[PDB]
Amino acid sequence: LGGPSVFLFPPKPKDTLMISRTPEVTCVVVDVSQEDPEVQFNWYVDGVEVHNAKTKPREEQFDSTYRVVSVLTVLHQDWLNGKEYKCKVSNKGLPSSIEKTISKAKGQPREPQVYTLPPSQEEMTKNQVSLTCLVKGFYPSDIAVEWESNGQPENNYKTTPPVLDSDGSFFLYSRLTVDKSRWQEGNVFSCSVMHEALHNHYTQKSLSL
């Protein structure tokens, strides 16, 4: 039937694991009619209502409909404790109030094993080589992977999405492309992995020649 639609998005995994960042649960409604644009939000954390949400003004889409977004800042420890977050939306374009609920992935968390793999000797003929970081056996799939060397971050890398393995855990690979000289000259490269099952939600493994 006709009327607006309500979506509720979880925080970025990286925002959850780092305390220097800010994890957010976002409730966004679309297809809000111009004839009835006024939208009210109501947030609940495990049934208890919170009021610290920040609602952005109605943005008019291309087709005269409106998009309204309400964003709620959550606590790192709260989200990881599995606390449920509810978003209730009230609008005249809807026959009734609609509630959506989101929470952390359920299931026993498993610590990721991190292994660094040196380049293949065959790839040593090309100008740049591939440093590989294998992260496996972790649960849930929310994870973050970065690269560092000499303190400064190396930003020339890509990371495959989490893949479900036979034992119900995930695995992925991260590939950092470096100039051969920097690898031949014996520099130390560190694969950084962040995950809720790790000690202090962080670990790193070095890789050199």
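Throughout, we count residues from 1 along the sequence that is shown.
*Asks:* Which of the two stretches, 181-189 or 6-14, shows the higher mean Cα temperature factor in the record?
*Replies:* The stretch with the larger average C-alpha B-factor is 181-189.
*Asks:* Take the C-alpha B-factors listed in the entry for 40-48 and for 144-152, compute each mean, and give the stretch with the larger one.
*Replies:* Mean C-alpha B-factor is greater for 144-152.
*Asks:* Sorting 113, 128, 73, 116 by Cα temperature factor from the record, which one lands on top?
*Replies:* That would be 128, according to the entry.
*Asks:* Between 169, 34, 26, 160, let me know which has the highest C-alpha B-factor in the entry?
*Replies:* Highest C-alpha B-factor among the listed residues goes to 34.
*Asks:* Should residue 175 be placed in the lowest, middle or highest third of its chain by the C-alpha B factor in the entry?
*Replies:* Tercile = lowest for this residue's CA B-factor.
*Asks:* Splitting the chain's C-alpha B-factors into thirds, which one does residue 132 fall into?
*Replies:* According to the entry, residue 132 has a C-alpha B-factor in the chain's lowest third.
*Asks:* Just say lowest, middle or highest third for the CA B-factor of residue 197 relative to the other modelled residues in its chain.
*Replies:* Ranked within chain, residue 197 CA B lands in the middle tercile.
*Asks:* Should residue 109 be placed in the lowest, middle or highest third of its chain by the C-alpha B factor in the entry?
*Replies:* For residue 109, whose C-alpha B-factor we compare with every modelled residue in the chain, the answer is the lowest third.
*Asks:* Tell me, lowest, middle or highest third: where does the Cα B factor of residue 86 rank within its chain?
*Replies:* Lowest third - that is where residue 86 ends up once the chain's C-alpha B-factors are sorted.
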